[PDB]
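This is data-v9.cif. It holds mmCIF, C-alpha atoms.
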data_data
loop_
_atom_site.label_atom_id
_atom_site.label_comp_id
_atom_site.auth_asym_id
_atom_site.auth_seq_id
_atom_site.Cartn_x
_atom_site.Cartn_y
_atom_site.Cartn_z
CA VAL U 855 -15.54 -85.43 36.67
CA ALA U 856 -12.89 -87.64 38.27
CA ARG U 857 -13.55 -90.43 35.77
CA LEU U 858 -13.37 -87.95 32.90
CA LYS U 859 -10.07 -86.59 34.22
CA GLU U 860 -8.76 -90.16 34.35
CA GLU U 861 -9.02 -90.96 30.62
CA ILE U 862 -8.43 -87.60 28.93
CA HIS U 863 -4.98 -88.53 27.60
CA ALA U 864 -6.12 -90.19 24.35
CA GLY U 865 -7.89 -87.09 23.11
CA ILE U 866 -10.85 -85.29 24.61
CA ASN U 867 -13.56 -86.73 22.35
CA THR U 868 -12.56 -90.34 23.00
CA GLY U 869 -12.17 -89.46 26.66
CA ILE U 870 -15.70 -88.09 26.89
CA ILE U 871 -17.28 -91.06 25.12
CA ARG U 872 -15.34 -93.58 27.24
CA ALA U 873 -16.16 -91.76 30.47
CA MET U 874 -19.82 -91.86 29.45
CA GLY U 875 -19.81 -95.54 28.56
CA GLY U 876 -18.01 -96.30 31.81
CA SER U 877 -19.68 -94.19 34.51
CA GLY U 878 -22.90 -92.81 33.04
CA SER U 879 -24.47 -96.22 33.54
CA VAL U 880 -23.37 -96.36 37.19
CA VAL U 881 -24.53 -92.85 38.05
CA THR U 882 -27.83 -93.42 36.26
CA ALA U 883 -28.47 -96.71 38.05
CA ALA U 884 -27.83 -95.12 41.45
CA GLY U 885 -29.93 -92.07 40.63
CA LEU U 886 -32.86 -94.12 39.37
CA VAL U 887 -32.85 -96.51 42.33
CA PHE U 888 -32.87 -93.70 44.88
CA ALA U 889 -35.28 -91.54 42.87
CA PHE U 890 -37.96 -94.20 42.67
CA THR U 891 -37.42 -95.34 46.26
CA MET U 892 -38.26 -91.72 47.10
CA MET U 893 -41.20 -91.69 44.67
CA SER U 894 -42.81 -94.58 46.55
CA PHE U 895 -43.75 -92.06 49.28
CA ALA U 896 -46.44 -90.56 47.02
CA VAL U 897 -48.98 -93.19 48.10
CA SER U 898 -48.35 -92.12 51.69
CA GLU U 899 -51.33 -90.59 53.44
CA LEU U 900 -49.43 -87.77 55.14
CA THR U 901 -49.17 -84.87 52.72
CA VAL U 902 -45.92 -83.29 53.93
CA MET U 903 -43.89 -86.49 53.60
CA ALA U 904 -45.60 -87.34 50.30
CA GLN U 905 -44.68 -83.87 49.03
CA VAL U 906 -41.05 -84.27 50.11
CA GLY U 907 -40.78 -87.73 48.57
CA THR U 908 -42.20 -86.55 45.25
CA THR U 909 -40.07 -83.39 45.15
CA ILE U 910 -36.86 -85.33 45.72
CA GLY U 911 -37.80 -88.11 43.30
CA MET U 912 -38.65 -85.73 40.46
CA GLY U 913 -35.54 -83.70 41.23
CA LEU U 914 -33.26 -86.71 40.89
CA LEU U 915 -35.05 -87.92 37.75
CA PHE U 916 -34.60 -84.55 36.05
CA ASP U 917 -31.02 -84.27 37.32
CA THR U 918 -29.91 -87.73 36.21
CA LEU U 919 -31.70 -88.00 32.87
CA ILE U 920 -31.19 -84.48 31.46
CA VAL U 921 -28.89 -82.14 33.38
CA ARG U 922 -26.17 -84.70 34.03
CA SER U 923 -26.42 -87.01 31.01
CA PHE U 924 -26.71 -84.42 28.23
CA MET U 925 -25.95 -80.94 29.53
CA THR U 926 -22.63 -81.18 31.41
CA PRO U 927 -20.84 -83.50 28.93
CA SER U 928 -22.10 -81.25 26.13
CA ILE U 929 -20.55 -78.19 27.78
CA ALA U 930 -17.32 -80.13 28.25
CA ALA U 931 -17.15 -81.25 24.62
CA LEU U 932 -18.12 -77.79 23.35
CA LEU U 933 -15.52 -75.91 25.40
CA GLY U 934 -12.92 -78.49 24.40
CA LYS U 935 -9.42 -77.80 25.70
CA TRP U 936 -10.53 -74.75 27.72
CA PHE U 937 -12.36 -77.01 30.17
CA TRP U 938 -9.05 -77.66 31.96
CA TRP U 939 -7.63 -74.13 32.22
CA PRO U 940 -5.19 -73.14 33.77
CA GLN U 941 -3.79 -76.60 33.03
CA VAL U 942 -2.69 -77.06 29.42
CA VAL U 943 -4.18 -80.01 27.53
CA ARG U 944 -4.16 -81.08 23.90
CA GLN U 945 -7.52 -81.55 22.20
CA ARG U 946 -6.13 -84.65 20.45
CA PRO U 947 -2.82 -86.55 20.54
CA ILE U 948 -0.11 -86.65 17.88
CA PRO U 949 -1.34 -88.75 14.93
CA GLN U 950 0.03 -92.28 14.97
CA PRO U 951 1.16 -94.32 11.97
CA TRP U 952 -1.31 -96.81 10.54
CA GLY O 365 -16.91 -118.62 44.50
CA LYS O 366 -18.84 -117.19 41.54
CA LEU O 367 -21.21 -114.62 43.03
CA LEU O 368 -20.30 -111.21 41.54
CA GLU O 369 -20.25 -111.76 37.78
CA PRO O 370 -21.56 -109.67 34.86
CA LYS O 371 -24.19 -111.15 32.57
CA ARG O 372 -26.32 -109.87 29.69
CA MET O 373 -24.46 -106.58 29.36
CA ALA O 374 -26.44 -104.00 27.39
CA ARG O 375 -25.83 -100.72 29.29
CA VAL O 376 -22.32 -99.58 28.39
CA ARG O 377 -23.04 -100.09 24.68
CA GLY O 378 -26.06 -97.81 24.80
CA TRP O 379 -24.17 -95.28 26.88
CA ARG O 380 -21.25 -95.26 24.44
CA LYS O 381 -23.82 -94.60 21.72
CA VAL O 382 -25.20 -91.62 23.62
CA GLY O 383 -21.59 -90.55 24.15
CA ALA O 384 -21.03 -90.60 20.40
CA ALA O 385 -24.18 -88.52 19.98
CA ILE O 386 -23.13 -86.02 22.65
CA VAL O 387 -19.60 -85.49 21.29
CA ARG O 388 -20.48 -85.03 17.60
CA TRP O 389 -23.36 -82.52 17.92
CA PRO O 390 -22.98 -80.68 21.24
CA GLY O 391 -24.67 -77.49 20.08
CA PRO O 392 -28.15 -78.85 19.38
CA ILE O 393 -28.19 -81.14 22.42
CA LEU O 394 -27.02 -78.36 24.72
CA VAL O 395 -29.68 -75.98 23.42
CA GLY O 396 -32.38 -78.62 23.81
CA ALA O 397 -31.39 -79.32 27.40
CA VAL O 398 -31.34 -75.59 28.12
CA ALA O 399 -34.82 -75.33 26.60
CA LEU O 400 -36.15 -77.96 28.99
CA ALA O 401 -34.39 -76.25 31.88
CA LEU O 402 -36.09 -72.95 30.99
CA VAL O 403 -39.44 -74.74 30.83
CA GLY O 404 -38.68 -75.77 34.39
CA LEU O 405 -37.44 -72.38 35.60
CA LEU O 406 -40.22 -70.06 34.42
CA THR O 407 -42.76 -71.46 36.90
CA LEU O 408 -40.53 -70.67 39.88
CA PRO O 409 -41.17 -66.94 40.55
CA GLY O 410 -44.84 -67.59 41.27
CA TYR O 411 -44.57 -69.66 44.44
CA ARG O 412 -46.48 -69.42 47.73
CA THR O 413 -46.00 -71.22 51.04
CA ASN O 414 -48.44 -72.32 53.72
CA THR D 4 -0.94 -100.33 2.16
CA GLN D 5 -4.64 -101.15 2.29
CA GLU D 6 -4.04 -104.13 4.57
CA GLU D 7 -2.71 -101.92 7.36
CA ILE D 8 -5.76 -99.67 7.04
CA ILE D 9 -7.96 -102.76 7.33
CA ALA D 10 -6.00 -103.87 10.40
CA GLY D 11 -6.43 -100.51 12.11
CA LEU D 12 -10.14 -100.39 11.34
CA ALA D 13 -10.53 -103.98 12.52
CA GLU D 14 -8.95 -103.16 15.87
CA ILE D 15 -11.08 -100.06 16.33
CA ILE D 16 -14.39 -101.73 15.47
CA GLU D 17 -13.49 -104.74 17.62
CA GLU D 18 -13.07 -102.20 20.41
CA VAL D 19 -16.47 -100.66 19.66
CA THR D 20 -18.80 -103.66 19.23
CA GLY D 21 -16.68 -106.79 19.69
CA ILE D 22 -16.22 -108.30 16.23
CA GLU D 23 -12.98 -110.25 15.89
CA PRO D 24 -10.53 -108.73 13.37
CA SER D 25 -10.24 -111.97 11.40
CA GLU D 26 -13.93 -111.72 10.49
CA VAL D 27 -13.66 -108.24 8.93
CA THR D 28 -13.01 -108.33 5.17
CA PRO D 29 -13.38 -105.62 2.50
CA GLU D 30 -16.03 -107.68 0.64
CA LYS D 31 -18.97 -107.13 2.99
CA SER D 32 -21.20 -104.26 4.07
CA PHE D 33 -21.82 -102.75 7.51
CA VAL D 34 -25.54 -102.66 8.29
CA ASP D 35 -26.83 -105.85 6.68
CA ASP D 36 -24.09 -108.25 7.86
CA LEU D 37 -22.19 -106.78 10.82
CA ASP D 38 -25.39 -105.20 12.19
CA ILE D 39 -23.67 -101.85 12.63
CA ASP D 40 -26.00 -98.92 13.25
CA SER D 41 -25.43 -95.29 12.26
CA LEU D 42 -24.61 -93.98 15.74
CA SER D 43 -22.07 -96.79 15.97
CA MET D 44 -20.84 -95.43 12.64
CA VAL D 45 -20.22 -91.98 14.12
CA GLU D 46 -18.57 -93.87 16.98
CA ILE D 47 -16.11 -95.46 14.56
CA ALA D 48 -15.54 -92.23 12.64
CA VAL D 49 -14.89 -90.10 15.74
CA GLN D 50 -12.58 -92.65 17.32
CA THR D 51 -10.51 -93.18 14.17
CA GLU D 52 -10.27 -89.44 13.53
CA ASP D 53 -9.11 -88.86 17.10
CA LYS D 54 -6.61 -91.72 17.23
CA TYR D 55 -5.08 -91.59 13.73
CA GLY D 56 -6.00 -88.07 12.62
CA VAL D 57 -8.24 -88.69 9.58
CA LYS D 58 -11.33 -86.47 9.36
CA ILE D 59 -14.39 -88.01 7.69
CA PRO D 60 -17.03 -85.25 7.49
CA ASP D 61 -20.67 -85.64 8.36
CA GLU D 62 -23.11 -86.17 5.48
CA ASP D 63 -20.48 -88.46 3.97
CA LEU D 64 -20.70 -91.54 6.22
CA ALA D 65 -23.95 -92.71 4.63
CA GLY D 66 -22.23 -92.51 1.24
CA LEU D 67 -20.08 -95.54 2.13
CA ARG D 68 -21.58 -98.90 3.03
CA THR D 69 -18.76 -101.48 2.80
CA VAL D 70 -15.35 -101.92 4.40
CA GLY D 71 -13.81 -101.79 0.94
CA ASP D 72 -15.46 -98.41 0.45
CA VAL D 73 -14.03 -97.14 3.74
CA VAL D 74 -10.49 -98.23 2.92
CA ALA D 75 -10.84 -96.77 -0.58
CA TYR D 76 -11.92 -93.45 0.92
CA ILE D 77 -9.03 -93.43 3.39
CA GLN D 78 -6.37 -94.35 0.82
CA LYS D 79 -7.74 -91.88 -1.74
CA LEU D 80 -7.24 -89.05 0.76
#
If you took the structure in this file and wrote it as structure tokens, what would it be?
Amino acid sequence: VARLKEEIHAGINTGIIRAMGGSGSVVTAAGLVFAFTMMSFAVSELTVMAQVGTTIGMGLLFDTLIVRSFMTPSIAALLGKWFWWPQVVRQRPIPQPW
Amino acid sequence: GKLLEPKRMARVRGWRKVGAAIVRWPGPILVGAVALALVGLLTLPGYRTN
Amino acid sequence: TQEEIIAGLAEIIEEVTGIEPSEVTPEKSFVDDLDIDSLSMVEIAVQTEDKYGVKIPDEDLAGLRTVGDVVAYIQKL
């Protein structure tokens, strides 16, 4: 959200796509690394710790690959300029000459 | 020296492509993600502990 | 006035994929020479619409395949 807020001045559509290209990769890398490090506990003999490792790993995989990469940016782009209420924002800047 | 350098960049391009996809057609993608979320949620109410 | 359109499009697509503006000419197509996909095409369309305020509707991008076609479409509108 902070990165999105940073680059919202040159329209909201360009802002969303640039925020994706800039920080989606970072968040996904971190999420995947930790998620699989936690999935390595499945081979553990103890069932409670294997269960916890698998729960957390699957949770982060679902969170990073679906909820956070497709669902929240979609809501932002759909709601458009009403994603920053009560602040007032323009959905796209004044057209510039060619 | 030269220790922290980028090489063979192929991540931000793909993620800008998915950004283009997610800005142009938000309706379908949102409904699909909600569909998967509902597939997840419906199993919850039947849950027992030991 | 077409040259300024070409300049603007050259800057935008250089931003997207990294093709130098000098290389872009209106006598060559997108997919078979520049290796420009279709999602990169919606990239270009969205960015140019947002920055310079020209709306190219969906189900019309595939109808144009060359830079000359794009500039013709822009300057016809």
Show me, as an mmCIF file with C-alpha atoms, in the frame of the given file, the residues that have an atom within 12 Å of stretch 876-889 of chain U when counting all atoms listed in the file, minus same-chain residues fewer than 5 positions from it.
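Ended up saving to around16.cif:
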data_model
loop_
_atom_site.group_PDB
_atom_site.id
_atom_site.type_symbol
_atom_site.label_atom_id
_atom_site.label_comp_id
_atom_site.auth_asym_id
_atom_site.auth_seq_id
_atom_site.Cartn_x
_atom_site.Cartn_y
_atom_site.Cartn_z
ATOM 1 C CA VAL U 855 -15.540 -85.430 36.670
ATOM 2 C CA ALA U 856 -12.890 -87.640 38.270
ATOM 3 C CA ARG U 857 -13.550 -90.430 35.770
ATOM 4 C CA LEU U 858 -13.370 -87.950 32.900
ATOM 5 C CA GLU U 860 -8.760 -90.160 34.350
ATOM 6 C CA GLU U 861 -9.020 -90.960 30.620
ATOM 7 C CA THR U 868 -12.560 -90.340 23.000
ATOM 8 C CA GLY U 869 -12.170 -89.460 26.660
ATOM 9 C CA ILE U 870 -15.700 -88.090 26.890
ATOM 10 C CA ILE U 871 -17.280 -91.060 25.120
ATOM 11 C CA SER U 894 -42.810 -94.580 46.550
ATOM 12 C CA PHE U 895 -43.750 -92.060 49.280
ATOM 13 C CA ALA U 896 -46.440 -90.560 47.020
ATOM 14 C CA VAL U 906 -41.050 -84.270 50.110
ATOM 15 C CA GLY U 907 -40.780 -87.730 48.570
ATOM 16 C CA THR U 908 -42.200 -86.550 45.250
ATOM 17 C CA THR U 909 -40.070 -83.390 45.150
ATOM 18 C CA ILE U 910 -36.860 -85.330 45.720
ATOM 19 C CA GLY U 911 -37.800 -88.110 43.300
ATOM 20 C CA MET U 912 -38.650 -85.730 40.460
ATOM 21 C CA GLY U 913 -35.540 -83.700 41.230
ATOM 22 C CA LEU U 914 -33.260 -86.710 40.890
ATOM 23 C CA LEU U 915 -35.050 -87.920 37.750
ATOM 24 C CA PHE U 916 -34.600 -84.550 36.050
ATOM 25 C CA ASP U 917 -31.020 -84.270 37.320
ATOM 26 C CA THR U 918 -29.910 -87.730 36.210
ATOM 27 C CA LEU U 919 -31.700 -88.000 32.870
ATOM 28 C CA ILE U 920 -31.190 -84.480 31.460
ATOM 29 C CA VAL U 921 -28.890 -82.140 33.380
ATOM 30 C CA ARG U 922 -26.170 -84.700 34.030
ATOM 31 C CA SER U 923 -26.420 -87.010 31.010
ATOM 32 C CA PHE U 924 -26.710 -84.420 28.230
ATOM 33 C CA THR U 926 -22.630 -81.180 31.410
ATOM 34 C CA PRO U 927 -20.840 -83.500 28.930
ATOM 35 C CA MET O 373 -24.460 -106.580 29.360
ATOM 36 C CA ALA O 374 -26.440 -104.000 27.390
ATOM 37 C CA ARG O 375 -25.830 -100.720 29.290
ATOM 38 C CA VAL O 376 -22.320 -99.580 28.390
ATOM 39 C CA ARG O 377 -23.040 -100.090 24.680
ATOM 40 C CA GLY O 378 -26.060 -97.810 24.800
ATOM 41 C CA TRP O 379 -24.170 -95.280 26.880
ATOM 42 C CA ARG O 380 -21.250 -95.260 24.440
ATOM 43 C CA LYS O 381 -23.820 -94.600 21.720
ATOM 44 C CA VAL O 382 -25.200 -91.620 23.620
ATOM 45 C CA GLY O 383 -21.590 -90.550 24.150
#
Q | Nearest to chain D, chosen from O:406, O:385, O:370, O:365, with all atoms listed in the file counted in the distances | A | O:385
Q | Given the PyMOL selection byres ((chain U) within 7 of (chain D)), the residues it picks as number ranges by chain | A | U: 865, 868, 946, 949-950, 952
Residues just named, written with C-alpha atoms as a PDB file, keeping the file's coordinate frame:
ATOM      1  CA  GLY U 865      -7.890 -87.090  23.110  1.00  0.00           C
ATOM      2  CA  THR U 868     -12.560 -90.340  23.000  1.00  0.00           C
ATOM      3  CA  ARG U 946      -6.130 -84.650  20.450  1.00  0.00           C
ATOM      4  CA  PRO U 949      -1.340 -88.750  14.930  1.00  0.00           C
ATOM      5  CA  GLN U 950       0.030 -92.280  14.970  1.00  0.00           C
ATOM      6  CA  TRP U 952      -1.310 -96.810  10.540  1.00  0.00           C
TER       7      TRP U 952
END
Q) Do you have the atom CA of residue D:20-atom CA of residue D:35 distance handy? A)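 Computing it gives 15.1 Å between the two atoms.
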Q | Separation of atom CA of residue O:384 from atom CA of residue D:32 in Å | A |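 Atom CA of residue O:384 lies at a distance of 21.3 Å from atom CA of residue D:32.
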Give me the chain U side of the contact with stretch 386-389 of chain O, cut-off 7 Å, one line per residue showing its nearest atom pair and distance in Å at one decimal, counting all atoms listed in the file, sorted by chain and residue number, as JSON lines.
{"residue": "U:867", "atom": "CA", "partner": "O:387", "partner_atom": "CA", "distance": 6.3}
{"residue": "U:924", "atom": "CA", "partner": "O:386", "partner_atom": "CA", "distance": 6.8}
{"residue": "U:928", "atom": "CA", "partner": "O:386", "partner_atom": "CA", "distance": 6.0}
{"residue": "U:931", "atom": "CA", "partner": "O:387", "partner_atom": "CA", "distance": 5.9}
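The nearest approach to chain O among the residues D:40, D:45, D:17, D:23, with only C-alpha atoms taken into account, belongs to D:45.
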Repair of stretch 38-56 of chain D at the level of N, CA, C and O atoms, as a PDB file, in the frame of the given file:
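Result file out.pdb:
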ATOM      1  N   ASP D  38     -24.402-105.857  11.347  1.00  0.00           N
ATOM      2  CA  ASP D  38     -25.390-105.200  12.190  1.00  0.00           C
ATOM      3  C   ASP D  38     -24.743-104.036  12.936  1.00  0.00           C
ATOM      4  O   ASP D  38     -24.603-104.024  14.158  1.00  0.00           O
ATOM      5  N   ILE D  39     -24.309-103.065  12.139  1.00  0.00           N
ATOM      6  CA  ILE D  39     -23.670-101.850  12.630  1.00  0.00           C
ATOM      7  C   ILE D  39     -24.609-100.691  12.336  1.00  0.00           C
ATOM      8  O   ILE D  39     -24.949-100.437  11.173  1.00  0.00           O
ATOM      9  N   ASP D  40     -25.017 -99.986  13.381  1.00  0.00           N
ATOM     10  CA  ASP D  40     -26.000 -98.920  13.250  1.00  0.00           C
ATOM     11  C   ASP D  40     -25.318 -97.687  12.661  1.00  0.00           C
ATOM     12  O   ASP D  40     -24.191 -97.747  12.162  1.00  0.00           O
ATOM     13  N   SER D  41     -26.010 -96.551  12.697  1.00  0.00           N
ATOM     14  CA  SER D  41     -25.430 -95.290  12.260  1.00  0.00           C
ATOM     15  C   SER D  41     -24.751 -94.531  13.393  1.00  0.00           C
ATOM     16  O   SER D  41     -23.711 -93.897  13.178  1.00  0.00           O
ATOM     17  N   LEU D  42     -25.302 -94.589  14.608  1.00  0.00           N
ATOM     18  CA  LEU D  42     -24.610 -93.980  15.740  1.00  0.00           C
ATOM     19  C   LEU D  42     -23.328 -94.739  16.065  1.00  0.00           C
ATOM     20  O   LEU D  42     -22.320 -94.134  16.441  1.00  0.00           O
ATOM     21  N   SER D  43     -23.330 -96.062  15.904  1.00  0.00           N
ATOM     22  CA  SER D  43     -22.070 -96.790  15.970  1.00  0.00           C
ATOM     23  C   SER D  43     -21.133 -96.364  14.843  1.00  0.00           C
ATOM     24  O   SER D  43     -19.906 -96.415  14.994  1.00  0.00           O
ATOM     25  N   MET D  44     -21.687 -95.924  13.714  1.00  0.00           N
ATOM     26  CA  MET D  44     -20.840 -95.430  12.640  1.00  0.00           C
ATOM     27  C   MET D  44     -20.159 -94.122  13.032  1.00  0.00           C
ATOM     28  O   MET D  44     -18.967 -93.934  12.759  1.00  0.00           O
ATOM     29  N   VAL D  45     -20.892 -93.198  13.660  1.00  0.00           N
ATOM     30  CA  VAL D  45     -20.220 -91.980  14.120  1.00  0.00           C
ATOM     31  C   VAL D  45     -19.245 -92.327  15.235  1.00  0.00           C
ATOM     32  O   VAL D  45     -18.212 -91.671  15.387  1.00  0.00           O
ATOM     33  N   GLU D  46     -19.541 -93.361  16.022  1.00  0.00           N
ATOM     34  CA  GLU D  46     -18.570 -93.870  16.980  1.00  0.00           C
ATOM     35  C   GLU D  46     -17.252 -94.211  16.296  1.00  0.00           C
ATOM     36  O   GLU D  46     -16.182 -93.720  16.680  1.00  0.00           O
ATOM     37  N   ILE D  47     -17.324 -95.041  15.256  1.00  0.00           N
ATOM     38  CA  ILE D  47     -16.110 -95.460  14.560  1.00  0.00           C
ATOM     39  C   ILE D  47     -15.402 -94.263  13.952  1.00  0.00           C
ATOM     40  O   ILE D  47     -14.176 -94.132  14.053  1.00  0.00           O
ATOM     41  N   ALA D  48     -16.157 -93.370  13.309  1.00  0.00           N
ATOM     42  CA  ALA D  48     -15.540 -92.230  12.640  1.00  0.00           C
ATOM     43  C   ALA D  48     -14.832 -91.320  13.636  1.00  0.00           C
ATOM     44  O   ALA D  48     -13.684 -90.919  13.416  1.00  0.00           O
ATOM     45  N   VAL D  49     -15.499 -90.982  14.743  1.00  0.00           N
ATOM     46  CA  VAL D  49     -14.890 -90.100  15.740  1.00  0.00           C
ATOM     47  C   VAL D  49     -13.644 -90.750  16.324  1.00  0.00           C
ATOM     48  O   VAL D  49     -12.597 -90.106  16.465  1.00  0.00           O
ATOM     49  N   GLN D  50     -13.732 -92.030  16.683  1.00  0.00           N
ATOM     50  CA  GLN D  50     -12.580 -92.650  17.320  1.00  0.00           C
ATOM     51  C   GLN D  50     -11.395 -92.734  16.362  1.00  0.00           C
ATOM     52  O   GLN D  50     -10.257 -92.461  16.761  1.00  0.00           O
ATOM     53  N   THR D  51     -11.629 -93.096  15.096  1.00  0.00           N
ATOM     54  CA  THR D  51     -10.510 -93.180  14.170  1.00  0.00           C
ATOM     55  C   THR D  51      -9.936 -91.808  13.851  1.00  0.00           C
ATOM     56  O   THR D  51      -8.717 -91.665  13.723  1.00  0.00           O
ATOM     57  N   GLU D  52     -10.784 -90.786  13.744  1.00  0.00           N
ATOM     58  CA  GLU D  52     -10.270 -89.440  13.530  1.00  0.00           C
ATOM     59  C   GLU D  52      -9.422 -88.991  14.709  1.00  0.00           C
ATOM     60  O   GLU D  52      -8.393 -88.331  14.524  1.00  0.00           O
ATOM     61  N   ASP D  53      -9.838 -89.329  15.929  1.00  0.00           N
ATOM     62  CA  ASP D  53      -9.110 -88.860  17.100  1.00  0.00           C
ATOM     63  C   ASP D  53      -7.806 -89.616  17.287  1.00  0.00           C
ATOM     64  O   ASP D  53      -6.795 -89.031  17.691  1.00  0.00           O
ATOM     65  N   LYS D  54      -7.801 -90.916  16.994  1.00  0.00           N
ATOM     66  CA  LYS D  54      -6.610 -91.720  17.230  1.00  0.00           C
ATOM     67  C   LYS D  54      -5.588 -91.584  16.104  1.00  0.00           C
ATOM     68  O   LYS D  54      -4.391 -91.452  16.377  1.00  0.00           O
ATOM     69  N   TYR D  55      -6.018 -91.635  14.839  1.00  0.00           N
ATOM     70  CA  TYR D  55      -5.080 -91.590  13.730  1.00  0.00           C
ATOM     71  C   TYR D  55      -5.162 -90.321  12.895  1.00  0.00           C
ATOM     72  O   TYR D  55      -4.470 -90.220  11.877  1.00  0.00           O
ATOM     73  N   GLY D  56      -5.986 -89.357  13.286  1.00  0.00           N
ATOM     74  CA  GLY D  56      -6.000 -88.070  12.620  1.00  0.00           C
ATOM     75  C   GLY D  56      -6.480 -88.060  11.178  1.00  0.00           C
ATOM     76  O   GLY D  56      -5.848 -87.426  10.327  1.00  0.00           O
TER      77      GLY D  56
END
